Amino acid sequence: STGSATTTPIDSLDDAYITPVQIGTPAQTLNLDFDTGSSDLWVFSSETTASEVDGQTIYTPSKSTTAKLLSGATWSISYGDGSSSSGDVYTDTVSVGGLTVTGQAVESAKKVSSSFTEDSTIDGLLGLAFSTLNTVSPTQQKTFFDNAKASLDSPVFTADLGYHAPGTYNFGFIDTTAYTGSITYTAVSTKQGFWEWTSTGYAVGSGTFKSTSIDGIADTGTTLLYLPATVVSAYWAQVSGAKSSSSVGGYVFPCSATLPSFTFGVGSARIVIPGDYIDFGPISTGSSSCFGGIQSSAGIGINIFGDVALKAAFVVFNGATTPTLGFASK
């Protein structure tokens, strides 16, 4: 089997992407944030504290003839940005882009933190990291991809995120029309539960490539590109007036600037992030100070190849017995 679904930016800055997901019988369609940096599929639901729902579409298990309470199971997750959610668990039928899993753990939120409430466009998350990170207790549950794997024509999914435009998540096949040149594959460590790999270096604008190993994770659920302070300093040093602001919480730059591109290495290959991809607009409405899309990972504890990086590429998440990552230009 295969699946293919369109993923759409939630706003004009590509702060995140939502992908329609059919849950239950008859289908309830929710728009979920596909997240390769976590491993829970959770949704706003009829069980979510009423004051914490504001415009989201909810999953109502009682209206699904295929929903079954997973007795005793609870979940609780906190994300790198400080947001969190928690609740109980149903199994139900979940379909993505024509691809159907029966018995998928659907994690029903009883509580969500303010940032989820405040985002009416995201109805939940669909985790695509490794199942070892799944927070369901006392019986850990498998991701959607893990459950679908055996049925897929090929044990892979691909992320093709758009810049200010829709893109695609495909399951079970590689669309050879969706990229240019070849796909370069690189090794993955699953030891932390992430799609963790090692970039072979970087360049700033038309500058020469610096060969240096940068361990990080391919994370569709993170907006920006988080890299070592040395790298990030080298990038922003090429932008007149750019500075790190503790009051704003990272690098900002004059909105009048033209940003340089940023290149990262995948083995011997190179992925170029256009400078426009690194502009995340005024820090506040009407401000002439703009927020940078490349930020320091110092104090995160890990480098994150988030949407800023991934949307410049066609990315293959290969879940074969020995997982790997593939990157192509597009």
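Numbers run from 1 along the shown chain.
Quick check of the header: X-ray crystallography, 1.8 Å.
Note: Cβ is positioned from N, Cα and C throughout, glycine not excepted.
What Swiss-Prot says about this one:
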ACT_SITE  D35  active site
ACT_SITE  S199  active site
DISULFID  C255-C290  disulfide bond
DOMAIN    17-328  domain 'Peptidase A1'
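Sequence features annotated in Swiss-Prot and their locations in the structure.
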residue: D35; record: active site; DSSP (3 states): strand
residue: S199; record: active site; DSSP (3 states): strand
residue: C255; record: disulfide bond; DSSP (3 states): coil
residue: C290; record: disulfide bond; DSSP (3 states): strand
Checklist entry - Among the disulfide-bonded residues listed here, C255, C290, whose Cβ has the fewest other Cβ atoms inside 10 Å? => result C255
Checklist entry - What is the separation, in Å, between the Cα atoms of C255 (disulfide bond) and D35 (active site)? => result 30
Checklist entry - Sorted by position, what residues of the same chain at least six away from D35 (active site) have a C-beta under 8 A from it? => result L125, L126, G127, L128, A129, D219, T220, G221
Checklist entry - Taking just the CA atoms, what is the gap between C290 (disulfide bond) and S199 (active site) in Å? => result 27
Item to check | Chain-internal residues near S199 (active site), provided their CB is under 8 angstroms and they sit 6+ positions away | outcome: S213, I214, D215, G216, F264, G265, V266, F305
